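Single chain ahead, written as structure tokens, the form deposited in one PDB entry.
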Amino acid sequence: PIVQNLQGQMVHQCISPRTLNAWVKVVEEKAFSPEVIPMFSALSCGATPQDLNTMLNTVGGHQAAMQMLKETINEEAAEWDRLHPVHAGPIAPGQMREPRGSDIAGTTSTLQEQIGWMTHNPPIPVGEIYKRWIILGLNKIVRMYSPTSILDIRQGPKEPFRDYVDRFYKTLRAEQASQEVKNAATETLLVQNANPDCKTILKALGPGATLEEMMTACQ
């Protein structure tokens, strides 16, 4: 990654063993559960494109997912190239060349070039650009691997309401419902899919009930 030292200049540091191991293990333990994404983003704070490739490449399973991710990355790279075409022909001696999609994705750029872009004034933030493409890809994967439709999350006759809501919102997160929909579901699908007893209590609370109020009601 690129970090500020204790004196305030932006320099390259090696990715740490603790970072490498954290990411491998989270993938091992959680696969593409949705909370893996924010972990990825945090573990790659300051990453160069080289670093981002390192983290993805150190993953041993999930190779169907990694191939899908490559496809997504190529799509975004191709759109970058449409928006930001680069000059063919030789570089001005000693000067910074402009990055193409494949330079952002780290496949045609050197570590030195990446550093040069990211520490330019002002920065050409190739690490952040590539990270956004990667996350775009990873979210598609999360959605793909989500095993259950929200329509099939229904409260069991003996299932505590709390346990049911946990299942409901865990499913909506993986299915990647917007926050509008997450904020709205509380007045609709969450009640409809509740068991008869709690459905009756919830119906009676009336509209505009907070989730806290609904959960208290069905305790």
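We number the residues from 1 along the sequence you see. Residues that one form lacks are left out of the comparison. Each form is matched to the other, and the largest set of C-alpha atoms that superpose within 1.5 Å is called the rigid core.
Per the compared records, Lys182 is unresolved in at least a third of the other entries whose models span it. Compared against other deposited entries of this protein, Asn121 counts as consistently modelled, with coordinates in all of those that resolve the residues around it and thus below the third mark. Remark: stretch with higher mean C-alpha B factor among 10-18 and 207-215 is 207-215. With 108-116 and 88-96 compared on mean CA B-factor from the PDB entry, the stretch scoring higher is 88-96.
In this entry, the residue among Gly101, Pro147, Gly137, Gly127 with the greatest C-alpha B factor is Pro147. The entry lists C-alpha B-factors for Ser41, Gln67, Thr171, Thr188, and the highest of these is at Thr188. In the PDB entry, a CA B factor belonging to the lowest third of its chain's modelled residues is recorded for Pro49. Among the modelled residues of the chain, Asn57 sits in the lowest third by CA temperature factor in this PDB entry. In the PDB entry, a CA B factor belonging to the lowest third of its chain's modelled residues is recorded for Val142. Ranked by Cα temperature factor within the chain, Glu180 sits in the highest third according to the deposited record. Residue-level temperature factors show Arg162 in the middle third of its chain, judged at the C-alpha atom.
The form deposited in another entry exists for this protein as well; it is not shown, and the discussion that follows is about that form.
Only one entry in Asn183, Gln192, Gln63, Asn57 has its C-alpha moved by 2 angstroms or more between this form and the one not shown when the rigid core is superposed, and that entry is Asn183.
Core-superposed difference between this form and the one not shown: one segment of three or more residues with every CA shifted 2 Å or more, namely 177-187.
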